[PDB]
Structures are given as C-alpha cells and as structure tokens.
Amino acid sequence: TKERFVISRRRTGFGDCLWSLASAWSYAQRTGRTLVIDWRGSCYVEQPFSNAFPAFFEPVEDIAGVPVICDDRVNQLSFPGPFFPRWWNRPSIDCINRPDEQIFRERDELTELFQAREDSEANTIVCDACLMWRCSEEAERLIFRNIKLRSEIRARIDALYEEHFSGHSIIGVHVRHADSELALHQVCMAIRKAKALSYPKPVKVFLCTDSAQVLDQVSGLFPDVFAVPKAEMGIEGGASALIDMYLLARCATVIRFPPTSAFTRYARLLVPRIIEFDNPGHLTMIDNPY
C-alpha cells in the first residue's frame, strides 16, 4: 500500500486559494489521501518555484486528521501517477499549453469526481482549477480554524483591532474595483442602509478597497471611515490582503461589493449581517447568527 495524494494548486487571490484548499482537503479527508498545498507561482511571490504558503501561514503537518505537505518539499518529492484529471498524465512538453478551457474542463471533472461514490484509482489528484463552491461551508470554516497566519501578520491584525474595532460596532465595506459614478452611488446607499440598523456599540466604517480614489470619496462622504494603510512589495501586498480579509470577518455588518468576490467569503461565514446587491438595483440583507 502506497501513499496517495491530493494536490491543491492555486495562485490567485487568497479568498479563492483558501476556498479551493477546503475543497481539496475535503476530498483528501474522504479518501484517505495526503494533502499537498502547492502555491508555487502565486501572484504575491516574485520567485516562481517558491511555495507561497509558508510566506503567509505557519507550517502545518496535519489539518483535522489529514496529513499535509505545505512547504518547499513540493520541489523535492515526485508525486506518484497515474494522475487525475487525466491531462496530467500527458508528457510535460504537451502540458506547456494549459488554456482556460482546459482549466474549466478540469473544474468540471473534479466536480464530478467529488460527487461520485467511488474514489479515483489515480494515485495523485491534481487540483489546479477554481474549486469555489466545491465543498461544504463546514470544510471552509475548518480551514480557517486550522491554519494560522504568520505572527508578523497576526500582530498587525491585533494592533488594528485594538485601535479601531474594540469597543465599537464595525460596518465593513469591501469594494473591489458613468459606470464608476453609479457604483460609488450604490456603495453609498449600501453604507446608509447598514448605518440605519441598530448596533450595540458606537458605529465605525471599515473600508477595504483596492482603489485610492474610493477610499478618499467614501471617507469624504461618511464619518468615522478608516482603512488599513495600503519581491518585498509582493509579500507586503499579500499581507495587506490577509489583514483586510481577517478584519472584515470581525465586523458586525459586512457590505460585499460584489458578493461574488471570494475575498469576503470568510466574512460571509462569520459575520452576523451581510448586505449585498441582489433584482439589480436592489439591496438584500442576510442574517447569519448562523
């Protein structure tokens, strides 16, 4: 009997990476495989063969009973074939071309596998597609509770929490960016809706946006708006993303613009009230006690 594996490969934003990871974990758990977290080629890391996982999270060798490999051993180990999806059995020269259509086919093939009664006979499952929505919300919560941010990032979160969140009810606003005038108008309406709700503590607005113009505009339109200020630059970008993602999950209400963004998925799982645009033009509120 030989060790078998599920490899979770993802190189996009962390919301996507961590949700896709939960899907891979859940299959590994179901089928008695080792999970490999392979974030080589991450958008936040300049070096293309460095596993990005340990640049942001502490080493983990086990997640809820599933053995994990999450470090530079991905560059030393030969993960055994045959592989699934079957594209991964092709010669390397044939794997140079990996268009979106192949990636989307593999999403579908993995989805089918995950739903099937029988485990695959492949010794290694390679997950290198978006696996958002491909697991239970419980699997997603389990991931957030069983990996830990590096201490330098936690310390920043802890400082910001003490400075801004503590003693207050925070409305978190995620704005992922004639068109722009409307959209700013809609975000303003969402904030006004959120502010008209009752909170137990005095209200502040936490803005997370990837745009400078949005911060200046929203801050000029509402009181008590704050934000977290902004190779080495890739890692700082990643840290700043994680700080924002985690702090959003500590808000009393979160506004998701748009609610399709994985960035606010963690917040969506944890926060008591979520506001989003639905009937377009119209705002909906979700209660999540849970």
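Between two forms, the rigid core is defined as the largest C-alpha subset superposing within 1.5 Å. All residue numbers are counted from 1 along the displayed sequence.
Between 82-90 and 210-218, the larger root mean square Cα shift in 4 other deposited structures of this protein, once each structure is superposed on the rigid core, falls on 210-218.
Comparing 179-187 with 126-134 in 4 other deposited structures of this protein, after superposition on the rigid core, the stretch with the greater RMS C-alpha deviation is 179-187. Missing coordinates between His177 and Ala178 amount to 10 or more residues of the deposited sequence. Just going by the entry, 3-11 versus 279-287 on mean CA temperature factor gives the higher value to 279-287. The deposited model assigns a higher average Cα B-factor to 231-239 than to the other stretch when 51-59 and 231-239 are compared. Per the PDB entry, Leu182 shows the highest C-alpha temperature factor of the residues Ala159, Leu131, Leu182, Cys208. Reading the B-factor column for the CA atoms of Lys193, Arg107, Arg150, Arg145 in the entry, the top value corresponds to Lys193. Split the chain's modelled residues into thirds by C-alpha temperature factor. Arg117 is in the highest one. Ranked against the other modelled residues of its chain, the C-alpha B-factor of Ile69 as given in the entry falls in the lowest third.
In this PDB entry, the Cα temperature factor of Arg98 sits in the middle third of its chain's modelled residues.
Sorting the modelled residues of the chain by their CA temperature factor places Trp88 in the lowest third. In this PDB entry, the Cα temperature factor of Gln213 sits in the top third of its chain's modelled residues, the highest group.
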